[PDB]
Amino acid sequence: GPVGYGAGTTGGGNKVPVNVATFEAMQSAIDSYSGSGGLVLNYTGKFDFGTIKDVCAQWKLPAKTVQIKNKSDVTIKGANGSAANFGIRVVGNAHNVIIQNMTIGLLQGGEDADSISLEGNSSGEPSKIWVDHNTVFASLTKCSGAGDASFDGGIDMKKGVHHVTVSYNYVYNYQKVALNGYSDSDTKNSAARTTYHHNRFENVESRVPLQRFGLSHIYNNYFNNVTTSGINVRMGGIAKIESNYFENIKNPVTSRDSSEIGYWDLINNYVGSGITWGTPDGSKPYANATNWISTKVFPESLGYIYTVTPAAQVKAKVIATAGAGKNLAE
């Protein structure tokens, strides 16, 4: 089961899985679903990524995105060996959702190419979400004419999504990994309570995660080849950053580019070789955790039980367990 703020999430539970071979079949099954009681989707499609001969063709094309909107008690689970060239969106009054064992790569849509997106709106805010053992990848290439958006977000949430565990995911060859709060005006995101643990972040650029407002617990994650910035805490957000494994990373723990800074509680982090630091371009206030000193104590009890992997062992543990196709190993 899920550990952290997403604890108790069961999704569709023990319901007999509905086999869905395609993007369209998955959507149809969601559309037909009453909205509560339980739905389990077994995704069996095997997208061949070799069919994409030009990484820069993607941003120009419309997005392919499955929507779970105002529906609850849903499991989306990739079968072993399954692969998707479509993203997933959970929006509005939608609760108790599991997204697990999906391999999501090289999505169409550019700025609209969101891999896993959780979003509150005027109808409500998603809660009790478990994003677990997924593999998410794209390209670091900056395509001609695409602006800043050859691809979009990896594992994102905004507008007050709360009580979420993001665990054992593998995100690689990806520019913008994880958004948490979409802008400095996203004040509803003060309700965000997110646990990021045992994730593998490798050959990525930034937003690992980008946190605006709320509280987070970021523990037992492995960072390698993160080239712009790592954990970016902003807008009064506080992150408990515990027993992670950092190496070959620029600005691993920082606060930058918001009108107001965010804070961190640092304990037992493994700091390896290849740590670099930089000063952000602009006028806004910033902070770099150059000496790994805490800027705020985590203001409240987490309210859950968790087992920490010894920090030095995190690299090996995460490599062994993170991502899809790992039989959900922990």
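The numbering used is simple: start at 1 and walk along the sequence shown.
In the PDB entry, a CA B factor belonging to the middle third of its chain's modelled residues is recorded for residue 186.
Compared with the other modelled residues of the chain, the Cα B-factor recorded for residue 22 ranks in the highest third. Per the PDB record, residue ranking by Cα B-factor puts residue 200 in the middle third of the chain. Placement of the Cα temperature factor of residue 103 within the chain: lowest third of the modelled residues, per the deposited record. Per-chain ranking of the deposited C-alpha B factor places residue 229 in the middle third.
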